[PDB]
Every structure is written in C-alpha cells, then in structure tokens.
Amino acid sequence: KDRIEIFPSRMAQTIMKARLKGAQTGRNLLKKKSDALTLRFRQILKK
Amino acid sequence: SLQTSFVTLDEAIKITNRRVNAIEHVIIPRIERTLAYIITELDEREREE
Amino acid sequence: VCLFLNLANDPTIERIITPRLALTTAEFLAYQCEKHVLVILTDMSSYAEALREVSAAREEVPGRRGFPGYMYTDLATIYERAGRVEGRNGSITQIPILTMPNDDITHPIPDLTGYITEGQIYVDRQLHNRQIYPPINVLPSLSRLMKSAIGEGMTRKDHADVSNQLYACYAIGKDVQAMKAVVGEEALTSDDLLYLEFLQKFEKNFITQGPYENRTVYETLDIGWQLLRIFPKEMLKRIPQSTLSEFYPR
Amino acid sequence: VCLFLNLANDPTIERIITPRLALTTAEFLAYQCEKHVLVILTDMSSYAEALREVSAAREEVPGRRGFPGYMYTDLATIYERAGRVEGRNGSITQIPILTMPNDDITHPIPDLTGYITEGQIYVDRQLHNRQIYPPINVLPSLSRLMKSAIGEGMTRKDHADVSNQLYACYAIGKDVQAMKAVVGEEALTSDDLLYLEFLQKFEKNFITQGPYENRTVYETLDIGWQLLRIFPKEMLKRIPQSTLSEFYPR
Amino acid sequence: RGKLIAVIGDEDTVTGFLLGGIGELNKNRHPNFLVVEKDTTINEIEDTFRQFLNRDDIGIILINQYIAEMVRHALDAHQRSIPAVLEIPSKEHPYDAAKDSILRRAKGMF
Amino acid sequence: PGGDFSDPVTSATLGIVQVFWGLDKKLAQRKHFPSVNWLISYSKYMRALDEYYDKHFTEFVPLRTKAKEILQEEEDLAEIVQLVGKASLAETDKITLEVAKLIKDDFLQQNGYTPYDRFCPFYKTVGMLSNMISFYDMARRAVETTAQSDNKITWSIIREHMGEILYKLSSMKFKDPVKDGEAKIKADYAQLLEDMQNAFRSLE
Amino acid sequence: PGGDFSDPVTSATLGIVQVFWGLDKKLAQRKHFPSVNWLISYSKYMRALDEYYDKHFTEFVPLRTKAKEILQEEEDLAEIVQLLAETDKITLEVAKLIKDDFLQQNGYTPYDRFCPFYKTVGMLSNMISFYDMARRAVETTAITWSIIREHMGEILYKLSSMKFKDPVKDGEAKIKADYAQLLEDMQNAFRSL
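The listed protein sequences correspond, in order, to chains U, C, L, G, E, R and W.
If you're matching positions, the first sequence starts at 4 in the deposited numbering and goes up one per residue.
If you're matching positions, the second sequence starts at 150 in the deposited numbering and goes up one per residue.
If you're matching positions, the third sequence starts at 257 in the deposited numbering and goes up one per residue.
If you're matching positions, the fourth sequence starts at 257 in the deposited numbering and goes up one per residue.
If you're matching positions, the fifth sequence starts at 4 in the deposited numbering and goes up one per residue.
If you're matching positions, the sixth sequence starts at 413 in the deposited numbering and goes up one per residue.
Take the seventh sequence: its letters are residues 413 to 495, 501 to 559, 565 to 615, numbered as in the deposited numbering.
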C-alpha cells in the first residue's frame, strides 16, 4: 500500500536502506539477464 | 529444434521481464516513501527536544 | 475591482494585516451595500511564513513542522468570515489559492486549510507535464455542497448519479491502468480494455476545455452521457434502474 | 484476596502512591505471615504518566519524551520487592501488565521496564486479528530464569532442547512465510511446505488453548513431541541423538 | 532411437518421406501418418490430429499449407512446446511467409 | 494531525475507548461512503449482544464468522494477486475474491443520501447477508464437486449462467423500505433464494 | 538499547576500545545469545599470535581468512536469495552449517563449558575442506549441489551433531579419533563421486 508498517527509529532507517540497496542490486542483475536473453532471442529468430 | 527452443525462450523471457517490471514498479516506491516518513519523524522529534 | 498589492521586497510582517483589511472591505461592501463580492486571495504560504516568523520571535510553543499553535485559529478568523445572512441578498465567496511546497499532501498548511474549509481543487503537476489544459485532477478534488446545490428543480434529476458513476469509473480505470503497468495487455480481459478506453476518452475530451470556450451545464451533462455510453448498461453499478432505462438508450 | 481499586473519575495523584501500599502489604503478608503471595499490578504506563505530570509541575530537567531522569530508579524501587528470603518460606511473584502505545517496543516505558524486569511476553495484535486466544507471540518472549528451573527431577529429563528446536523451527518457518510472500509457492521446495504445515499446526494446537483448558506440564511436553513428529530425524538439528533414539520412536 | 517423425499430407509428400525412412506401426498396429485426398472429412482429420497430439512418441509433426489452414483453429489453440509443429510447401500451394502460428507467437518482428 | 495515527491524542482515545472505528483516506477517495476500514476497527461488545441477537433473531453468528473469514482471505490475496497476475489461481480463489467484491460493492457500499436507502433495518441486513452467504456456499460446493469428479465449473461458465441472477443480487438494495413493507421484502428475498436454488439445480 | 550501534556510549567504546563484539539485532531477538554481526566487529591485534601460531597450529591463519570470505559471500547471496543457482547454494549452505556449528546456542548447558582450542580448530578445518572440495562446481573434476545433498544423507546430520561432545569424559585422543573418522568419511563420500 502507501507504506510498510514500522515504528520510526534509526534502526528502521538502516534496515530500509540496506533492503533498498539489495533491491537495486537485484534490478541490475535481472536487467542484464533479460538483455542477454533478448539478444539470443533475436539471433535465433533471424536464423 | 530451433523453433522449439525459440518458443521456450519466449516463455522464459516474457516471465522474467514481467518479474523485473513488477519488482521495480512495486517494491521501491513504498521503500523511499517510508524513508521520507522516518526522516521527517526523526527531525520533528529533534526539533521538539 | 478592489485591488491591493504587496511585493516580496516589501517588509514581511505587513502581510499579516493585508488580508484582514481586504476582508473588512468585503464585509462593508456585502452587508452595507447589498452587493455580491468574489473575494480571492493568493499565496497563503507567505502568510503562514510571516506568522511563523512572528511566532518564532515571540517563542511560543511550536507544533507540527515548527508552525505556531494558533495558526489554526488565525486561519479560522481569515476564512469563516463568509457566507450570507438573513435579511440580505448579498453573499461572500472566497477562493484563497495557496502554494503547496514539495507537492506533499500531509504538509501542515494544506492539511489545516483542508480542515477549515469544505472543498478543494488540487491542480496537478503530472497533467501539466502531460501538456493538457485545464490540468485539474478530478479524483482528489471534492465539493461538499452537492447536498443542496444540485438536484431536481435546479439542474436535473440525474446529475448526482452521473457524477458518482463517472468518479467510480475513473477510479477503477486508474486502478486497472496501474495493473496494466506490470501485468501486460495479454493477460487482461475485455473489461480492462473498455476501462482503459473510457479513461482515454475522459482525458482527451472531458478535461480538455480550452482557455476561452465557455460551456453550459447541459453541454457538460451531454458530454458525460456520451462518454458513459461506451459501457453497456449492465456494469453501471452506480445508477438507479429508472434513470438508466430513461436516459441511456440514445 | 485484598483489592485496591482506582477508577478514571478519581483524582490522578492517588496513583503515585497506590502501588506502594499494595507492595508493603504484600511484604507484611509474606515475610511475617509466612504465606505465599502473588502481587498483580495494572497499567504502569499510567504510573509513568502521573509521574511525568508531577515532573511537568516540578520544572526539573526533562529526559527523553519528557519523562524525568529518575523514573528509572523509581521503577527499580517499585519492582524489587520480590523473591523469597532465608529463614522464612514465603515468596513474592511480581506480575505487572503494561500497555505499549502504538504497539511500539522502543517506546521509553517498555524499554526501561525491560531493563528492570528480566523477561517479556509480547501479546501481539496480528495474532488477535485471526482470532487465536491467547495471542501470545513466542518469538520475542524470554524467561532467563528457566536456565536452572527445569531438568530431570524438576519437570522432565528431556525439556529444554525441545523448546529450542521448536523455537528455531518456528523462526525459520516465519522466514519461509516471508519468502513465500515475496516470490510465491513456485520457488518453495518440499522442505518449505513442511515448514509451512509445521507453522499451521503449531499455531492451531500449541498456541490455541481455550477459556478454561487447564493443561498439565507432561501433556504440553507430549504435544511438543507430537508437533516434532511430523519431521523425520534428519531435519532436527538442535537435539541430541540419544534423546531422539530414546523418545521419538514411540 | 525411439521417437519418430509423423507426417500428414498429400500423396507425394508422404511417399517421399516414407522413402526418407520415417514410418512405424506400434504394438497396436496404428500408423504414424494419414493420407489426405478430396474425400477426407474434417472431423476425422481433426480427431486424428488430436490423437497424434495425445501420443507421446512423435515429437515432430509436419503439415502442408492448406491442411493447416483448414485446421488453423486447433493449431492456434495449441500452446505447447514439446509437440513441435512446422509447415511445408505443396505442389499447388506455394508457401507464403504470412501464415504460420510461430510467427503469431512473435508477431511484428518481421 | 495530518492523518497520522501516532499522535498522542489518538493513542489516548484508543486506550480509553471500548469501540474503535477506522476511517481511511483512500476509501473516502473512492467515494465509498462510509469509509470503514474493517481491518483496524474493532469492537468489544459482540459478546454482550450475543444474548440479545440469539434471543431475538436466532441466526447471526455463522453469517458474521464467514463474512470475517472472507474479508480476511480477500485482504490476504489482494497483494498476492497483484504480484502474481491472477495466473496460477485455483477456482476457489476466484470465487472467494469475486464474492468478496460483490460484498464490497453491494453490502458495504451504502449511499445514505439516496431516498431508497437513507435508512436500513436489521432484518433486511441479515436477509441480504443470508442471501449472499447461501450463494457463496452453494457455488463453492458445486465447483468443488464438479472439479473433483469431472467437468470442472470454472468461473466463466457459471458467470455466464448467472449474470442475470448476480445482477439482481447487486440491484436488490433498491428497495425503499418506506414504500416497501417488510413482509413484501422478505417474500421477495425468499423468491430470489428459490430462484438461485432453481438455477443451481438446472446446472446440476 | 535495541541494538543501538549509534548510541553515544557505543561510539565511545569504538573510539577507545578496539576489540568489539558484534550482535545482530535481527538474530538477537531470536535468543541467539552467542550470535554476531561480524560486520560491526574489529580485532585489536593480528601480530600478537604470530609467534604463538609459529609454534602451535600454524595452519589456522588461512582457514579463518577463507571462513571470512564465506561470511561475506553469504552476506551478499542472502539478498540475492531475497529476490537462483546451485553455485551460490554451495556457499549459502556452507555458511548456514558453519553458523550453526560456531554460534553455539547451548543455553549454558554444562557440555558447552569447555575450551580445548586445539580440539575446536578441528571442525573449522573440516568445514573449510568440505567447502574447498565442493567449490569446484560440486563435481571435483569440473553435477549440481542437489546431487551431493541427496548423496550425503546422514553425513550432514553427523556434521551437525559434531558439537555435542563432552570433553571432560571423551578424552582428547578419542576426540582426535572422532576428527579422523569424520575426515575419512568426508574422503569416502567424495571418492564415491
């Protein structure tokens, strides 16, 4: 929804920052995977 | 062989593209909105002190 | 045109006085001369800032974001001076447009202004970036005077249900648009495509109004009915049976 | 049963001394009348609020969230009248209840009470939402003095490791539940399904007791063994093999 | 080693492919092909197509253009991978690149 | 203060009061009058009123328990269907979410300013909820048995069969009790119930 | 308070003292009393034990380095798991097993109250060797992790049960023999592959 339930504190700031960073790491990995897969798809289509 | 592998590849690519779309366009906004809320609350508490 | 001015380079603290003087003028022209007055203000954020600076100089007890505690009562003295009274044909109408920092709805000034008043408009940044005019978001806006301003004997016996149906359709259209943002058109159903097309029609035609094209109430009602005609009658869950049978088949 | 009563309509400053009276009477009924007493205290956050009100009247230096600095020592002085004494045979057990505003754990009064009291229970709202009575969250609970209060001769030969195994299994099952939420059942292995059904049975049987279901210790140990039976020998990790060979095959 | 090509088509193609070496009769004596002519009914060809789809010893099926057109609805309904389907030309129907389900799967990438 | 519920006054009023009701901004944004959250809201007086409700109406508990279960299940599956695109869902999930949508847009939605529903009596409310629960239960058992044996009843075909009936169940709130006596209302409710039964027998 | 690394007292400790012990809050709420957030943890000395190690068990030095490599590798692969392959599962499972082995949640039961350092380097060495032989894409000559998982069976169970020795009555030589049979079981189970 609009947010995740959590009581404000420095602890949640740190934890949310870490989760955020992991999320972009995953986004990069999946993006690269999909890019390679699209390249292979185009190659096989032409062939 | 080529076309069978082609259709399997199409299934895989569509599902993974859908997955990355979902995670990117769902998970992040809640995270940075909660960051905004938490920093706002901390600053308010400090100013009150 | 009773006009008053104040510029940024002028002293900040006279901004606390100016609106009160304008409101006194409105009172005099309304309840002593039997005239209608379209009072309008601008940039209440500067007023809030000046009151904040005065309060900080006077070291009162702060509140949310550091604003003064009696900012609410001050705003009440500014706004509730309006309406019309017995024995007078005059009336007071206020349009106190305000700045909205950071586009944050939970910012205190928009919040308290929403509490003290009945309605809101909330011009949208996204629509203006989409290059559409007039860019008013229809969903967050709300007016509380439908209870008596509309109805049979004033405009029609089908205004309210048309508006309710349009609001519901727009909201669900936005929701299915959000769903389509990830799911993709392939997995959708016919209803989803119908809702997307309705949303597209709603934005291209209803909202697009232009700068100098005055339109009547009847034309807007006809336009809304034409927009609604795309959906068959069955899925219209916000219209009574009688009105739906009466007006839809055209 | 001795009963000391306080309503909302009564004055507030009585609450500053109300607990101390009960504690002193408990001391007299334990260390002089030789009986076994059990004190019950209610709503310590109200005591904190009354003390904060006195501090606000007394204009001393305020600590975090406006509570006085010495409330720690005050809670110490009101939470230390416990334990049994040499040369006698009575005992004093302190069983207070306190409310956490906004379901918070880092709120001052919970934290300071955690620094005085040795243990926690943490009734949870989420369990109450699905109608599980009593909704006791075992996950953040703790009882340090279990260390030497159990074992052969006292309760049973094979007790503590059972609780530890059940506990670790519950934590990992909650992890699997979160992973299911993030991704879906498609990525789950058979082991994850086993953990999920463990979670379901654990919640259904061990947690849910009923209004007046006075269970015995041996029965609860048997129920724990029953909940362990669903897994084979290999999955369990925090259990001696000797105990497993002794009791599991039956 | 055990999997075979099944072919449904006119007489020339089946003749040349049976010459090519495909062709078996299982333990129940059922052919891996069906010859089509003018007096071949629609229900029978779609039924035998369903039967071949059910069978788990084919892998590859070949269909000439016009037969695929006459049974195009089932081919479009087909959404599997292991039972691969391809297309072949014919004597009077020269092949055209604008009619094949595999292109529908990747429509627009021409 | 700004919709935030962590304000000290809100916590105090929650701690002193016995019945708490929730208002949500998005529900009011939906024009879903009234904007009851039904998730944080709770009461502590159902137990006391159980005696009265049993003495005077003799059937409210199964209705209430099943309604709460359906609402909780829909809340659980909302973000799940959002994050899996309703692809690999069993028929049970689809019937649950769509009957939950029916309950939301008919039983919960109530425009208290239209003349026909400015006020609703208890007997009509329990009649509505009885009709809805009976529809849901009969659909559940039918789809379960048909899926088990053969010829699974998917949502699409039963929807085609009962589009007219679910339309009437949606439009049944249009009663105007001032113009409609209670006896006629309950007669129409029994009539709709036997219509639903007749359709379900027509299927099987 | 609630794992406050940013507590001013904590900053003072990090300023003055140099041996800091980690304890993750996320695991400390789970009654893992001997658990560590080793990320926030610094060793005061490394040169002190050079002369000690030259005379006693010199091979400790690289083994702990490899263990630290595992410990950070899991610290990344956990977030990879949050959102897979078998190659990462190798390190994930090794990390989980070594964590179960060393973070000894014994509840102060008497059998944990013993510290034969030389009879507690053994399981560290065994786990390190197991990882080293499993790091070559599982197949020593290169098979996925699942193959060895269902091949090992009770082997992992006994590797976990490794901790439940009572040194006071086992006898040191018998404990060395236990290490030896553990090791030969490792080599047999991997020679079968």
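Think of the CB as a built atom: it goes at the ideal place given N, C-alpha and C, for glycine as much as any other residue.
| So with Cβ pairs under 7 Å, would you call residue 495(W) a contact of chain U? | Position 83 of the seventh sequence holds residue 495(W). Yes, residue 495(W) lies at the interface with chain U (some Cβ there is under 7 Å from its Cβ).
| request: Starting from the beta carbon of residue 175(C), find every residue of chain R whose beta carbon is closer than 8 Å, and list them in chain order. | output: As a working mapping, residue 175(C) is identified with position 26 in the second sequence. The contacting residues are 494, 495.
| Among residues of its own chain, excluding the 5 on either side of residue 500(G), which ones have a beta-carbon nearer than 8 Å to its beta-carbon? | Along the fourth sequence, read from residue 1 onward, the residue named residue 500(G) stands at position 244. Counting only Cβ-Cβ distances below 8 Å, and skipping sequence neighbours, we find 489, 492.
| said: Between the alpha carbons of residue 495(R) and residue 438(G), how many angstroms are there, rounded? | reply: As a first step, residue 495(R) must be located in the sixth sequence, where it is residue number 83. As a first step, residue 438(G) must be located in the fourth sequence, where it is residue number 182. Each residue's Cα considered, the two are about 9 Å apart.
| task | Give the range of the alpha helix (DSSP H) segment to which residue 573(R) is assigned. | result | Numbered from its first residue, the sixth sequence carries residue 573(R) at position 161. First-last of the alpha helix (DSSP H) with residue 573(R): 567-583.
| task | Please name the residue, chosen from 384(G), 406(G), 407(G), 276(G), that lies closest to residue 453(R) on a Cα-to-Cα basis. | result | Taking the sixth sequence and counting its residues from 1, the one referred to as residue 453(R) is at position 41. Considering only 384(G), 406(G), 407(G), 276(G), the residue with the shortest C-alpha distance to residue 453(R) is 384(G).
| query | Across which residues does DSSP place residue 376(G) in a beta bridge pair? | reply | The residue given as residue 376(G) occupies position 120 in the fourth sequence. 398(G), per the DSSP bridge assignment.
| Status (buried if at least 16 other CB within 10 Å, exposed otherwise) for residue 366(L) | Looking up residue 366(L) in the third sequence gives position 110. Counting Cβ neighbours within 10 Å, residue 366(L) comes out buried, since at least 16 surround it.
| Using Cβ-Cβ distances below 8 Å, what residues of the region 512-525 of chain W are close to chain G? | When C-beta distances to chain G are compared with 8 Å, the residues of the region 512-525 of chain W below that value are 517, 522, 524, 525, in chain order.
| message | Could you check whether the Cβ of residue 440(G) sits closer than 7 Å to any Cβ belonging to chain R? | response | On the fourth sequence, position 184 is the one that residue 440(G) refers to. Residue 440(G) counts as touching chain R.
| task | Would you tell me roughly how many angstroms separate the C-alpha atoms of residue 458(W) and residue 465(W), rounded to the nearest one? | result | Position 46 of the seventh sequence holds residue 458(W). Position 53 of the seventh sequence holds residue 465(W). Cα to Cα, the separation comes out at about 11 Å.
| field | Contacting positions in the region 394-418 of chain L - beta carbon closer than 8 Å to chain R | value | Cβ contacts with chain R come from 395, 396, 403.
| query | What is the rounded straight-line gap between the Cα of residue 509(R) and the Cα of residue 567(R)? | reply | Position 97 of the sixth sequence, counting from 1, holds the residue named residue 509(R). Position 155 of the sixth sequence, counting from 1, holds the residue named residue 567(R). Between residue 509(R) and residue 567(R), the alpha-carbon positions lie close to 11 Å from each other.
| message | Taking 8 Å as the cut-off, does the region 441-452 of chain R touch the region 315-331 of chain G (at least 3 CB pairs, one atom from each stretch)? | response | The region 315-331 of chain G and the region 441-452 of chain R do not touch, with fewer than 3 CB-CB distances between them shorter than 8 Å.
| said: For a cutoff of 7 Å on Cβ pairs, would you count residue 165(C) as touching chain E? | reply: Locating residue 165(C) in the second sequence gives position 16, counting from the first residue. It does not: the Cβ of residue 165(C) has no partner Cβ on chain E nearer than 7 Å.
| message | Please return the same chain residues whose Cβ sits closer than 7 Å to the Cβ of residue 381(G), not counting the five positions on each side in sequence. | response | In the fourth sequence, residue 381(G) corresponds to position 125, counting from 1. The residues 359, in chain order, have a CB closer than 7 Å to that of residue 381(G) in the same chain once the five nearest residues on each side in sequence are set aside.
| Limits of the unbroken beta strand (DSSP E) element including residue 90(E) | Locating residue 90(E) in the fifth sequence gives position 87, counting from the first residue. Looking at the DSSP string, the run of the beta strand (DSSP E) that includes residue 90(E) is 87-91.
| query | Where DSSP assigns a beta bridge to residue 292(G), which residues make up the other side? | reply | Indexing the fourth sequence from 1 puts residue 292(G) at position 36. In the DSSP secondary-structure assignment, residue 292(G) is bridged to 347(G).
| request: Taking the CB atoms as reference points, tell me whether residue 162(C) and residue 40(U) lie closer together than 7 Å. | output: Residue numbering aside, residue 162(C) sits at position 13 when the second sequence is read from its first letter. Residue numbering aside, residue 40(U) sits at position 37 when the first sequence is read from its first letter. If you check the CB distance, residue 162(C) and residue 40(U) come in under 7 Å.
| Residue range of the beta strand (DSSP E) that residue 67(E) falls in? | Counting from one through the fifth sequence, the residue named residue 67(E) turns up at place 64. Annotation: the continuous beta strand (DSSP E) that includes residue 67(E) extends over 63-67.
| From residue 461(W) to residue 536(W), what does the alpha carbon distance come to, in whole angstroms? | In the seventh sequence, the residue the question calls residue 461(W) occupies position 49. In the seventh sequence, the residue the question calls residue 536(W) occupies position 119. Our two residues, residue 461(W) and residue 536(W), have alpha carbons roughly 18 Å apart in a direct line.
| 6 Å CB neighbourhood of residue 548(R) in its chain, flanking five on each side removed | As a first step, residue 548(R) must be located in the sixth sequence, where it is residue number 136. Only 511 meet the Cβ criterion.
| query | chain G beta carbons: is any one of them nearer than 7 Å to that of residue 459(W)? | reply | Against the seventh sequence, residue 459(W) aligns to sequence position 47. Taking 7 Å as the CB threshold, residue 459(W) stays off the interface with chain G.
| task | Pick out whichever of 506(L), 454(L), 414(L) has its Cα sitting closest to the Cα of residue 494(L). | result | The residue given as residue 494(L) occupies position 238 in the third sequence. It is 414(L) whose Cα lies nearest to the Cα of residue 494(L).
| task | For residue 32(U), decide whether its Cβ has a neighbour in chain C, counting only Cβ atoms nearer than 7 Å. | result | Taking the first residue of the first sequence as 1, we reach residue 32(U) at position 29. So, not an interface residue.
| said: Given a cut-off of 7 Å on the beta-carbon distance, is the pair residue 275(L) and residue 334(L) in contact? | reply: Counting from one through the third sequence, the residue named residue 275(L) turns up at place 19. Counting from one through the third sequence, the residue named residue 334(L) turns up at place 78. Between residue 275(L) and residue 334(L), the C-beta gap is smaller than 7 Å, which places the two residues in contact.
| query | At a Cβ threshold of 7 Å, is residue 280(G) touching chain B? | reply | This model lacks chain B altogether; the protein chains it does include are U, C, L, G, E, R and W.
| query | Would residue 455(W) be called buried (16 or more neighbouring beta carbons within 10 Å of its own) or exposed? | reply | Translated into the one-based positions of the seventh sequence, residue 455(W) becomes position 43. With fewer than 16 other Cβ atoms from the protein chains shown falling within 10 Å of its own Cβ, residue 455(W) counts as exposed.
| message | Residues of chain G with CB closer than 8 Å to the CB of residue 484(R), please, in chain order. | response | Here residue 484(R) is taken as the residue at index 72 of the sixth sequence, counted from 1. The answer, in chain order, is 385, 386.
| Top-ranked residue by Cα proximity to residue 436(W), from 580(W), 550(W), 520(W), 581(W) | Residue mapping note: residue 436(W) aligns to position 24 of the seventh sequence, counting from 1. Of the listed residues, the one whose Cα sits closest to residue 436(W) is 520(W).
| task | Measure the alpha-carbon distance for residue 505(G) versus residue 458(G) and round it to whole angstroms. | result | Against the fourth sequence, residue 505(G) aligns to sequence position 249. Against the fourth sequence, residue 458(G) aligns to sequence position 202. Spanning the alpha carbons of residue 505(G) and residue 458(G) requires a straight line of approximately 21 Å.
| Given a threshold of 16 other Cβ atoms within 10 Å of its Cβ, counted over all protein chains shown, does residue 351(G) qualify as buried or as exposed? | Position 95 of the fourth sequence, counting from 1, holds the residue named residue 351(G). It is exposed - the Cβ of residue 351(G) has fewer than 16 other Cβ atoms within 10 Å.
| Three-way DSSP call (helix, strand, coil) for residue 415(W) in this model | On the seventh sequence, residue 415(W) is found 3 positions in, with the first residue counted as 1. Coil.
| message | Measuring only the C-alpha atoms, how far is residue 448(G) from residue 502(R)? | response | Residue 448(G) sits at position 192 when you count from the first residue of the fourth sequence. Residue 502(R) sits at position 90 when you count from the first residue of the sixth sequence. Their Cα atoms are separated by approximately 20 Å.
| If you count every other CB in all the chains shown that lies within 10 Å of the CB of residue 418(G), and 16 or more means buried, which is it? | Working through the fourth sequence from its first residue, we reach residue 418(G) at position 162. Burial check for residue 418(G): the Cβ neighbour count within 10 Å reaches 16 or more, so the residue is buried.
| field | Proximity below 7 Å, CB of residue 379(G) to CB of residue 364(G) | value | Here residue 379(G) corresponds to residue number 123 of the fourth sequence, with the count starting at 1. Here residue 364(G) corresponds to residue number 108 of the fourth sequence, with the count starting at 1. No, they are not a contact pair.
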